[PDB]
Amino acid sequence: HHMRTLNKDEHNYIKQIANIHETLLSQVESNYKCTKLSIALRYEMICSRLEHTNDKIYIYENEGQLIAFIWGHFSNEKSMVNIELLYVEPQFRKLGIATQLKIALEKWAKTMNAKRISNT
């Protein structure tokens with residue numbers, strides 16, 4: 001249905017995620033600013049992550065639009081999953097989508113034999 005695995009060839013969605021990720025980092029104002037270059041590099045970096053086996057992005061989509069997503073990365077050194085990014089479009093908050101996304105990512109973490117997902 002609406003929640004599904006994001007594939008590495010979904011370039012538009014990956015660009016959108018890259019842009020949101022860089023924006024959110026920039027917004028905390030800790031000697032880090034998003035730029036066109038940082039967004040382009042983030043796009044390549046996410047594509048690279050999705051080519052290997054240590055990362056998972058679950059999206060929530062409707063009518064060809066990205067409503068929400070969660071991105072997890074498994075660290076072989078730490079044997080656990082870190083949540084790289086969890087985002088829900090403001091308009092669609094408090095509908096249970098972040099909770100659903102976390103549950104899905106935790107199930108994925110178990111298939112990797114990961115101790116847990118990120119705290120927050």
# chains A, B, ... in the order shown; residues from 1 in each chain; ligands from 1
call {"tool": "residues_around", "arguments": {"residues": "region 31-42 of chain A", "least_positions_apart": "2", "cutoff": "6 Å", "atoms": "only C-alpha atoms", "output": "list in words"}}
result
residues 18, 19, 22, 23, 26, 29, 44 and 45 of chain A
call {"tool": "write_last_selection", "arguments": {"atoms": "N, CA and C atoms", "output": "short mmCIF file (atom, residue, chain, number, x, y, z; two decimals), in the first residue's frame"}}
result
data_model
loop_
_atom_site.label_atom_id
_atom_site.label_comp_id
_atom_site.auth_asym_id
_atom_site.auth_seq_id
_atom_site.Cartn_x
_atom_site.Cartn_y
_atom_site.Cartn_z
N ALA A 18 17.16 14.16 -0.16
CA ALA A 18 18.45 14.85 -0.03
C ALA A 18 18.26 16.31 0.34
N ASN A 19 17.34 16.97 -0.34
CA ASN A 19 17.09 18.38 -0.10
C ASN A 19 16.54 18.61 1.31
N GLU A 22 19.45 17.93 4.01
CA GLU A 22 20.41 19.05 4.08
C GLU A 22 19.79 20.30 4.69
N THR A 23 18.55 20.58 4.33
CA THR A 23 17.83 21.70 4.92
C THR A 23 17.72 21.58 6.43
N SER A 26 20.97 22.25 8.16
CA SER A 26 21.30 23.67 8.08
C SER A 26 20.55 24.47 9.14
N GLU A 29 21.71 25.50 12.67
CA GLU A 29 22.72 26.56 12.70
C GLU A 29 23.98 26.24 13.52
N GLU A 44 23.92 11.81 -4.28
CA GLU A 44 24.85 10.71 -4.61
C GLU A 44 25.10 9.75 -3.44
N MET A 45 25.21 10.31 -2.25
CA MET A 45 25.49 9.53 -1.05
C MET A 45 24.33 8.60 -0.73
#
call {"tool": "closest_atom_pairs", "arguments": {"of": "region 5-99 of chain A", "to": "region 108-120 of chain A", "cutoff": "7 Å", "atoms": "only C-alpha atoms", "output": "CSV"}}
result
residue,atom,partner,partner_atom,distance
A:79,CA,A:114,CA,5.3
A:80,CA,A:114,CA,4.3
A:81,CA,A:117,CA,4.6
A:82,CA,A:118,CA,4.7
A:83,CA,A:118,CA,5.3
call {"tool": "select_by_dssp", "arguments": {"residues": "region 5-107 of chain A", "states": "helix (DSSP H, G or I)", "output": "PyMOL selection string"}}
result
chain A and resi 11-27+36-51+90-92+97-107
call {"tool": "select_by_dssp", "arguments": {"residues": "chain A", "states": "strand (DSSP E)", "output": "PyMOL selection string"}}
result
chain A and resi 3-5+55-62+65-75+80-88
call {"tool": "write_last_selection", "arguments": {"atoms": "C-alpha atoms", "output": "tab-separated table (two decimals), in the first residue's frame"}}
result
chain	number	residue	atom	x	y	z
A	3	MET	CA	4.33	2.41	2.96
A	4	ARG	CA	7.04	0.75	1.01
A	5	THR	CA	10.74	0.34	0.45
A	55	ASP	CA	20.55	0.93	4.58
A	56	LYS	CA	16.81	1.03	4.32
A	57	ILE	CA	14.44	3.87	3.45
A	58	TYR	CA	10.76	3.34	3.97
A	59	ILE	CA	8.54	5.94	2.39
A	60	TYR	CA	4.90	6.82	2.86
A	61	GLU	CA	3.50	7.90	-0.51
A	62	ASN	CA	0.15	8.98	-1.89
A	65	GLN	CA	3.86	12.39	-3.69
A	66	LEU	CA	6.27	11.75	-0.86
A	67	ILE	CA	4.37	12.26	2.42
A	68	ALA	CA	6.96	10.92	4.83
A	69	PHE	CA	10.07	8.75	5.12
A	70	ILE	CA	12.45	7.09	7.50
A	71	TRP	CA	16.07	6.20	6.72
A	72	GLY	CA	18.01	3.69	8.75
A	73	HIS	CA	21.63	2.54	8.52
A	74	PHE	CA	23.08	-0.56	10.02
A	75	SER	CA	26.56	-0.21	11.50
A	80	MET	CA	22.75	-1.64	15.53
A	81	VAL	CA	20.66	0.60	13.31
A	82	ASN	CA	20.88	4.40	13.50
A	83	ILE	CA	17.99	6.48	12.24
A	84	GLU	CA	19.66	8.85	9.74
A	85	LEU	CA	16.46	10.84	9.20
A	86	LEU	CA	12.78	10.62	10.04
A	87	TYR	CA	10.47	13.19	8.42
A	88	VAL	CA	6.75	13.70	8.00
call {"tool": "atom_distance", "arguments": {"atom1": "CA of residue 89 (chain A)", "atom2": "CA of residue 46 (chain A)"}}
result
19.6 Å
call {"tool": "atom_distance", "arguments": {"atom1": "CA of residue 52 (chain A)", "atom2": "CA of residue 24 (chain A)"}}
result
24.9 Å
call {"tool": "atom_distance", "arguments": {"atom1": "CA of residue 51 (chain A)", "atom2": "CA of residue 8 (chain A)"}}
result
6.4 Å
call {"tool": "closest_residue", "arguments": {"among": "A:78, A:21, A:15, A:2", "to": "residue 47 (chain A)", "atoms": "only C-alpha atoms"}}
result
A:15
call {"tool": "closest_residue", "arguments": {"among": "A:48, A:104, A:64, A:30", "to": "residue 13 (chain A)", "atoms": "only C-alpha atoms"}}
result
A:64
